[PDB]
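**Student:** Fold the stuff below for me.
(chains A and B)
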Number of protein chains: 2
Amino acid sequence: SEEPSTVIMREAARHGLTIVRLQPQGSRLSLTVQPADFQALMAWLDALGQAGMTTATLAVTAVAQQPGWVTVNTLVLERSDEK
Amino acid sequence: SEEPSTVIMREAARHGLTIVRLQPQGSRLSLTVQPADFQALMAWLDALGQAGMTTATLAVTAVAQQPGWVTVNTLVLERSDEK
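**Tutor:** Numbers count the residues shown, from 1 in each chain, chains lettered A, B, ... in the order given. The protein structure is shown below:
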């Protein structure tokens, strides 16, 4: 993975996740993700986990309108020295 | 599930998660969970998800000492009117 930013939006899109903002700040990335399936956002990070990415920050809230969905307050990804 | 507090610690323990603090504040609960497998803490919430519990807040950070593990900053659970 030459472009770490890709895995996020790539895995995001396939999981129906909207990463509005991304920032390749070395290891840590700044991700902005609209309300999501707790499934999708996990599996997406699980997917990024394959990239050597760790959830460096995940900040989240349950939605009142459709329980079982979540609201990502702020999300930071961390990466390996691998790349 | 007459005692919602049980599912959390029950599912916690089976997933190797330490819920130090729990608060049955109606729908929302205050959970304090020591550093965890992102797998375990998800699967535990997935498990609580079976209880009718939503992750009302999940606040988390990646650990520097053993990547792929996470640090739960603050976690709030939300419950159904089912109980």
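
**Student:** can you list the residues of chain A near chain B?
**Tutor:** A:38, A:42, A:45, A:49, A:54-63, A:67-68, A:70, A:73, A:78, A:80 (C-beta under 8 Å from any C-beta of the partner chain). Any C-beta I mention is one placed from the backbone N, CA and C, and that applies to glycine too.

**Student:** Drop anything exposed from those.
**Tutor:** A:38, A:42, A:45, A:49, A:54-63, A:67-68, A:70, A:78 (16 or more other C-beta atoms under 10 Å in any protein chain shown).

**Student:** Sitting in helices, which of the residues you listed do you find?
**Tutor:** Counting by DSSP state H, those place A:38, A:42, A:45, A:49 in helices.

**Student:** Excluding chain neighbours, give the residue nearest to the last one in space.
**Tutor:** It refers to residue A:49. residue B:68 (6.9 Å; C-beta to C-beta, 6 or more residues apart in numbering or on different chains).

**Student:** which residues sit in contact with the one you found?
**Tutor:** A:49, A:54, B:37-38 (C-beta atoms under 8 Å, 6 or more residues apart in numbering or on different chains).

**Student:** So what does it look like in phi/psi?
**Tutor:** phi 100, psi 0 (degrees, to the nearest 10).

**Student:** Between the ones in helices among the buried ones among the residues of chain A next to chain B, which sits nearest chain B?
**Tutor:** Among these, residue A:42 lies closest to chain B (C-beta to the nearest C-beta), at 5.3 Å.

**Student:** wouldn't the closest one be in contact with residue B:42 here?
**Tutor:** Yes. Using C-beta atoms under 8 Å, residue A:42 makes contact with residue B:42 at a distance of 5.3 Å.

**Student:** Give me the distance between the closest residue to residue A:18 other than its chain neighbours and residue A:83.
**Tutor:** Spatially, and ignoring its direct neighbours in sequence, residue A:18 is nearest to residue A:34 (4.1 Å; C-beta to C-beta, 6+ apart). Taking C-beta to C-beta, to the nearest Å as the criterion, residue A:34 is separated from residue A:83 by 27 Å.

**Student:** Alright, I will stop here.
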